[PDB]
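Let me begin by presenting the structure, written as structure tokens, before commenting on it.
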Amino acid sequence: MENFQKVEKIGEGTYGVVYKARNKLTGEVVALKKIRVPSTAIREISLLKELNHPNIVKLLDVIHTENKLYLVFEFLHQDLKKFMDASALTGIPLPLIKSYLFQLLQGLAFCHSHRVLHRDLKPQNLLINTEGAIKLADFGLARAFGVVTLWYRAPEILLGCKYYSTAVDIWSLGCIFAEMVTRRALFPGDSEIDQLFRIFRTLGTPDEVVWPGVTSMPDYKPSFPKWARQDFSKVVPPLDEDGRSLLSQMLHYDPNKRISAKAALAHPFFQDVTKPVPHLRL
Ligand SMILES: O=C1Nc2ccccc2/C1=C/Nc1ccc(S(=O)(=O)Nc2nccs2)cc1
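Residue numbers (the authors' numbering): 1 to 36, 44 to 153, 163 to 298.
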């Protein structure tokens with residue numbers, strides 16, 4: 001703890017405050033996350056330290072001192088939320104959107120193959136650098152432990177399913193995909209019920225035909241209004257057919273029919289993917 005010099009505060013995450021800090025010893029700049044400890048969490052976190060991938064923010068060290076928990080992560084200078092705000096006037100170039108989505112799916116495919124889920128994907132958790140790379144941050148912390165944005169929450173979570181799967185991360189990514197394309201949140205709910213209804217009004221109220229078992233979900237109510245499904249060409253206008261085709265498979269109601277990160281990587285949308293370098297103003 002005293003081995004780190006705080007330079008600035010990067011924001012208060014869900015599991016604690018994040019700071020940009022300098023390691024007195026090394027001199028390296030890192031992201032210091034103060035949490036707030045059960046042994047279950049300690050072991051869980053320990054496993055994440057082994058999860059190494061170019062599109063995953065590396066967990067450098069875990070400091071459990073004086074019954075306090077500090078996580079040291081590699082540091083990246085900007086998150087996707089800030090990059091989108093800075094590009095609000097012209098939008099993010101399609102080649103760059105395609106590159107970012109491709110890398111994010113590689114990262115998720117790696118995590119999901121290790122049975123590790125993010126559970127809380129959102130623009131703020133996606134970090135970028137000057138080299139054109141993008142990385143997933145805060146991966147696996149939801150399980151290690153336990163106004164919040166509900167905008168990217170999968171339908172099965174909102175309906176009370178307590179044993180969610182890797183599919184919830186694909187749903188969140190799909191929502192982010194749509195947001196980069198249109199420059200506007202896809203389902204900006206301001207409460208759990210409002211979130212669910214915004215999804216229903218766009219994708220249509222789900223039934224047993226499209227989502228077997230949906231009516232047996234814990235929070236499902238027969239009294240839910242029935243809205244018709246809206247056409248995708250209206251939802252994410254500029255996106256070509258390859259893109260809309262991919263997006264639709266990422267947003268399937270039934271978690272079991274929703275596309276995996278692995279299968280999405282082979283989708284025709286990525287046939288012409290490249291790695292452009294973004295103009296970043298740090
Ligand atoms: O670099 C980081 N590694 C992490 C691991 C887990 C959780 C968070 C992080 C993390 C955060 N970095 C970061 C750096 C800059 C910005 S920003 O430029 O978009 N906004 C701010 N800049 C200064 C203060 S707030 C946002 C996130």
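Just so you know, even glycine gets a beta-carbon here, dropped at the ideal spot from N, CA and C.
Check: Exposed or buried, what is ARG169 when buried is set at 16 or more other beta-carbons lying within 10 Å of its beta-carbon?
Finding: buried
Next item on the list: Could you tell me whether any non-hydrogen atom of ligand 1 is closer than 7 angstroms to the CB of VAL64?
Entry: yes
Margin query: Please give me, in chain order, every unbroken run of the alpha helix (DSSP H) with length at least 4 that falls completely inside the segment 163-202.
Written below: 171-174, 183-198
Note to self: Rounded to whole angstroms, what is the Cα-Cα separation between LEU298 and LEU174?
What the structure shows: 37 angstroms
Note to self: How far does the beta strand (DSSP E) with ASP68 in it extend, from its first residue to its last?
What the structure shows: 66-72
Notebook entry, point to check: In its own chain, which residues sit with a C-beta less than 7 angstroms from the C-beta of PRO102, not counting the 5 before and 5 after it?
Noted result: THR290, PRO292
Margin query: In the DSSP output, what is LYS9 paired with across the bridge?
Written below: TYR19
Checklist line | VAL18 vs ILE52 beta-carbon contact at 8 angstroms | finding: no
Item checked: Test item: CB-CB of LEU134 and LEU189 under 8 angstroms -> no
Notebook entry, point to check: Should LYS34 be counted as a contact of ligand 1 given a C-beta to heavy atom distance under 7 angstroms?
Noted result: no
Margin query: Taking the alpha-carbon of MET1 as reference, which of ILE10, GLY11, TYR15, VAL30 has the nearest alpha-carbon?
Written below: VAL30
Check: When the Cα atoms are used, what is the spatial distance from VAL226 to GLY114?
Finding: 29 angstroms
Check: Regarding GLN287 and ligand 1, is the C-beta to nearest heavy atom distance less than 7 angstroms?
Finding: no
Next item on the list: May I ask you to check if the CB of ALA144 is nearer than 7 angstroms to at least one heavy atom of ligand 1?
Entry: yes
Notebook entry, point to check: Can we say the segment 228-242 touches the segment 74-93, given the rule of at least three CB pairs closer than 8 angstroms?
Noted result: no
Margin query: ligand 1 and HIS84: does any heavy atom of the ligand fall closer than 7 angstroms to the residue's C-beta?
Written below: yes
Checklist line | Classification of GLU195 by the beta-carbon crowding that lies within 10 angstroms, buried from 16 upward | finding: buried
Checklist line | Per-residue DSSP class, three states only, for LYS291 | finding: coil
Margin query: With distance defined between alpha-carbon atoms, name the residue in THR14, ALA151, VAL197 nearest to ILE104.
Written below: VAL197
Notebook entry, point to check: What is the DSSP secondary structure of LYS75, reduced to helix, strand or coil?
Noted result: strand
Next item on the list: Taking only heavy atoms of ligand 1 into account, decide whether any of them is closer than 7 angstroms to the Cβ of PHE4.
Entry: no
Next item on the list: Kindly indicate which residue of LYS33, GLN287, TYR269, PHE213 has the alpha-carbon position closest to the one of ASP145.
Entry: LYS33
Checklist line | Distance between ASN23 and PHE216 (C-alpha atoms, nearest Å) | finding: 48 angstroms
Notebook entry, point to check: In the DSSP assignment, what are the bridge partners of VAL29?
Noted result: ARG22
Notebook entry, point to check: Taking the continuous beta strand (DSSP E) assigned at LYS142, which residues delimit it?
Noted result: 141-143
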